[PDB]
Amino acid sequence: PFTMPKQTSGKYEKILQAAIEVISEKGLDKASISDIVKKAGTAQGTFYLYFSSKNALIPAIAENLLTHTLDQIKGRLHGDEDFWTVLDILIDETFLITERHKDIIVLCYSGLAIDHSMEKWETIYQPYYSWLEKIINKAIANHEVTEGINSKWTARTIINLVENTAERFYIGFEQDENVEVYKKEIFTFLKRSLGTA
């Protein structure tokens, strides 16, 4: 039967990257599929082959930010780190990424919502949730994290908390203290709750 080629195709990627650049330089609503397409060096047909509209770009943009976030975190790990060290890095990267790409995060909230698909964001996070889940199980087996907790739920809770804290600081502009104090606050809060005796 049919076996999908390894095909690492370019056109789709060319347009998505182009769209990300145009939307950044002038905003989502002032962008033209025309400008995007001409910046990617293709015809309008190439755009519509992959996206029904400008809004349809949101889910794909959110997925790329998510895999970028996970890659960054993994990029700073070797695999044998203790749980708290992994957490430190996850917290640091999340604040760094939120600071630098807040425009994209706000864009995802607006789009996914406008199209009644905020649940797609959960699907998108699956690989990140799954990855943290295994790390928590590994931390439980090594007595770094209290036994009994629901690891699937906890992975998601940890990620929500950290991102909400980062968003409050860089997007909600709650900066009553140095950013390092906020990151330490999240860490201590999580430590007191998941840490073993």
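Residue indices: 1-based, along the sequence shown.
- When the two stretches 128-136 and 22-30 are set side by side, the higher mean Cα temperature factor goes to 22-30.
- Averaged over their C-alpha atoms, the temperature factors of 175-183 and 9-17 are higher for 9-17.
- Comparing the listed residues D35, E163, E63, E144, the entry records the largest Cα B-factor for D35.
- In this PDB entry, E122 carries a Cα temperature factor that places it within the lowest third of its chain's modelled residues.
- For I114, the recorded CA B-factor ranks within the highest third of the chain. Only modelled residues enter the ranking.
- Per the PDB record, residue ranking by Cα B-factor puts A40 in the highest third of the chain.
- Sort the modelled residues of the chain by CA B factor and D80 lands in the highest third.
- Sort the chain's modelled residues by C-alpha temperature factor and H68 lands in the middle third, per the entry.
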